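Please treat every number below as a calculation from the coordinates, not as lab data. Neighbour counts run over all protein chains shown; Cβ positions are idealised from the backbone, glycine included.
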Amino acid sequence: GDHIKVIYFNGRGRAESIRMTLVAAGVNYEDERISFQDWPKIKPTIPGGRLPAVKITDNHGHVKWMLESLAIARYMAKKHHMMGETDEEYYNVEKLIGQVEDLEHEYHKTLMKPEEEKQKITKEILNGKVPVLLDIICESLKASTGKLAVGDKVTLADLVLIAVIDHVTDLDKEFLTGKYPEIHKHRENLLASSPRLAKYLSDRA
Amino acid sequence: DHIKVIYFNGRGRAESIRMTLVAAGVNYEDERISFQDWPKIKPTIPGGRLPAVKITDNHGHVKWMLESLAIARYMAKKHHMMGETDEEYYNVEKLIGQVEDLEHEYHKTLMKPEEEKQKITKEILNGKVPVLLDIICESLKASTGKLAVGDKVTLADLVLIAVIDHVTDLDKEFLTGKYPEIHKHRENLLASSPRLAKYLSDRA
Ligand code: NA
Ligand code: NA
């Protein structure tokens, strides 16, 4: 009920979509970062043994657990009308989430690898599915009925798009420079449409 | 309205679309593209990726739908297969996310030479497949009903059947004598939707 605790390990990993949803909805939460050396003793206490996870405690001390980051974000976005106003908007929200998920899948391949292997996979996907999936997302952004990803108000599709673009720029600062104008335009409109999210991203840097 | 499902893999990502329409009692048409035809068909598909759904009205106007699970979620939404409440809606998505992880491991073995396929097959069966199966079994016990979420069919039920069939493709005997909640879910699901049972029986 009352207190929402986000348990995670990666600084800007899958938990970013939970935080950005809560911030855009104006809901408070507490960060609980688990460390590498502590994870062996913490894992048996997490249902499913996987992070990130969400812990909810009420006025009375009863603990409710929530698993699977994007499932958690979908629930919080639904509760605050960030999953489309209609069934047709709901589809378009999920359509962009699915495409963002594919781009995130390619980015994830480079994670937790030795320096030489990480460089090899980065070089491979940047010449591969990353530009192909970026063009697909740009077409989905152009088909919007408003200034944001789906319609004119914030939805979950807006948030996971910001998170995955920051992952792309992590692979290459210059990869989007002078290209993909609809992606640059989406972020500018999104910051202008939610000052709380802009406050969150500005202070995070 | 005519629903055309465009796909290439016999039992790929489109299975969740078919099973949703079958459980809802909505008709559709299978349109399988071939490997040698794909070079000429791809420029006609928005996004250039399959599977995709093509909707034609009574007047001939075409509207396209992309991203299989986004299509399935929309069809399940229109026929009340995404949970009756917001809390049930979360429970459907929790199991879909876990099924998605199991499908992600299965996909690594796909469309590779025989020896490479066997090696990756060995790695995930001794790796994340049993770990993710135990997680799915725990979510099945936590349901308030006989199925995956509640007592009526949801999208979580359908994607679970599809991913379990992919597991048995890796190893016919991997679930033999194990994971009783998974065996019990399928048994309850077939009894709870005769159309789906007809679809799976005739498919074999
Ligand atoms: Na995370
Ligand atoms: Na398919």
Notebook entry, point to check: Rounded to the nearest 5, what % of the DSSP beta bridges within chain A are antiparallel ones?
Noted result: 70 percent
Item checked: GNM top mover of B:120, B:96, B:161 - chain B, alpha-carbon springs below 10 Å -> B:120
Next item on the list: Could you check the simple spin-label distance between residue B:171 and residue B:49, using points 7 Å along Cα→Cβ, in nm with one decimal?
Entry: 3.1 nm
Next item on the list: Largest first and to the nearest Å, give the Cα extent of region B:1-100 along each principal axis.
Entry: 45, 33, 21
Item checked: Counting DSSP beta bridges with both ends in the protein assembly as shown, the antiparallel % (nearest 5) -> 70 percent
Check: Where a Cα-Cα gap under 13 Å defines reach, which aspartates and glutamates qualify for residue A:79, not counting those fewer than 8 residues away within the same chain?
Finding: B:86, B:87, B:88
Note to self: 5 Å is the cut-off here: which amide hydrogens, built 1.01 Å from N in the peptide plane, fall below it relative to residue B:49, excluding neighbours closer than 5 in sequence?
What the structure shows: none
Note to self: Give me the mean projected area, in nm² to one decimal, of the convex hull enclosing the Cα positions of region A:82-205.
What the structure shows: 7.7 nm²
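Based solely on its DSSP helices, what 222 nm [θ] is calculated for chain B when runs of n ≥ 4 H residues each add -39,500 (n - 2.57) and the sum is averaged over all residues, nearest 500 deg cm²/dmol? All intermediate terms of the calculation are to be shown ahead of the outcome.
Values: 9 runs with 112 residues, N = 204.
Helix contribution divided over all residues of chain B: -17000 deg cm²/dmol.
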Item checked: Rounded to 5, the percent of DSSP beta bridges in region A:1-100 classed as antiparallel -> 70 percent
Notebook entry, point to check: Using 7 Å Cα-to-Cβ label points, what is the residue B:137/residue A:192 separation (nm, one decimal)?
Noted result: 5.5 nm
Item checked: Rule-of-thumb Rg ratio for the protein assembly as shown [Cα; 2.2 N^0.38 Å; N residues] -> 0.98
Checklist line | Packing rank of B:61-72, B:28-39, A:51-62, where each peptide gets the mean count of other beta carbons within 10 Å, highest leading | finding: B:61-72, A:51-62, B:28-39
Check: In a shell of Cβ-Cβ distance under 10 Å around residue B:161, excluding residue B:161 itself, what net charge do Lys and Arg (+1) and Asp and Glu (-1) give?
Finding: -2
